[PDB]
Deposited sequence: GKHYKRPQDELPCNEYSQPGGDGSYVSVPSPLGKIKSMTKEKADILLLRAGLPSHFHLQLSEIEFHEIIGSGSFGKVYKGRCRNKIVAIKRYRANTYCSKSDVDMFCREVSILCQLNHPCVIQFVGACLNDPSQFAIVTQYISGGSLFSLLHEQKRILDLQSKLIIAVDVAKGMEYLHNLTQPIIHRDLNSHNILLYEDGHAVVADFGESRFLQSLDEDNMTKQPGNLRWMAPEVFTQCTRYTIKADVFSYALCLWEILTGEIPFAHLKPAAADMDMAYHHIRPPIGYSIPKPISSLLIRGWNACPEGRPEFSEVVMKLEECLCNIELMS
């Protein structure tokens, strides 16, 4: 049921330099069907590969990664091919390169991300990214941005509770699209400040501070009042209080107009 045009023989892929690595295997830069591509090569695990592919073959939007195909011939030859995006991750730009950005460049990125996410959330069968962060926002050289890496992505699912611990309640509850809005909020703050949320903490300390002790990255004069309000609602502890991505896109586009006019 993966449309047959998306099937790939390994012979259709030219592998070049390695560009990423992890548990799954390796990511390579390469060439496929007359394009420059990123190829995610592989070494319970098969279900996750099949999910990712099922999701990648639904994608068609300029603010979301472009799928090229997958190789399914046998388990040792598994691979996912996408367009290569040469401008790097948003993470690198802000934290490693420390390129100084004007406010217009920042909003273009954040809007492009918000649009990609709006797209995903409003398909007939909605998609939750579940891993949205600055490592998974890639940038074109022109400053436009796309949402990448759908390895954690899932299709949206269609007495004792009164005495349940919150962490237990949360586990018996369905994972929603509003969890993507939370993560986005952090990315949006991260774009404006150019700082890693909770830079001084290791990942898990940071998550605990957010979940248990309500701490949020500090807002200041670095963030104008139309946006800062989106950030606050965006990372509300109650999912239902969080805005829809359609709302996020309009407000950021309005800000983008006014910053171009000024």
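Missing C-alpha stretches, by deposited numbering?
-> 1 to 50, 94 to 100, 216 to 225, 330 are the stretches of the deposited chain that have no C-alpha coordinates in the structure.
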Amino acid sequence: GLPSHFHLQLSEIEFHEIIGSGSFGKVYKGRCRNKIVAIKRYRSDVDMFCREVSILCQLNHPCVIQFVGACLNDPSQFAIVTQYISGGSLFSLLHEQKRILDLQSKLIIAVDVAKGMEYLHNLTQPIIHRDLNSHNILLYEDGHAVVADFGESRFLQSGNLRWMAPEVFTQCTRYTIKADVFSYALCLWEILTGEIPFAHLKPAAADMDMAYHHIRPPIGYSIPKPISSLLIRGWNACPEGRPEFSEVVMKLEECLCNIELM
From here on, numbers count along this sequence of modelled residues.
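Of the two stretches 58 to 66 and 221 to 229, which shows the higher Cα B-factor on average in the entry?
-> On average, C-alpha B-factors are higher across 221 to 229.
Got a sec? Mean C-alpha B-factor, which is higher, 23 to 31 or 208 to 216?
-> Per the PDB entry, the higher value belongs to 23 to 31.
Please pick out which of 115, 129, 121, 98 has the largest Cα B-factor as recorded in the entry.
-> The record points to 98.
When you compare the CA B-factors of 92, 73, 136, 153 as listed in the entry, which one comes out on top?
-> Comparing C-alpha B-factors across 92, 73, 136, 153, the maximum falls on 73.
Taking the chain's C-alpha temperature factors as the reference, tell me which third residue 159 falls into: lowest, middle or highest.
-> For residue 159, whose C-alpha B-factor we compare with every modelled residue in the chain, the answer is the highest third.
Should residue 196 be placed in the lowest, middle or highest third of its chain by the C-alpha B factor in the entry?
-> Middle third, going by the recorded CA B-factors of the chain.
If you rank the chain by CA B-factor, which third does residue 183 end up in: lowest, middle or highest?
-> Its C-alpha B-factor, which the entry lists for residue 183, ranks in the lowest third among residues of this chain.
Could you tell me which third, lowest, middle or highest, the C-alpha B-factor of residue 168 occupies within its chain?
-> Within its chain, residue 168 is a middle-third residue by C-alpha B-factor, going by the deposited values.
Name the third of the chain's ranked CA B-factors that contains residue 82, choosing lowest, middle or highest.
-> Residue 82: CA B-factor falls in the lowest third of its chain.
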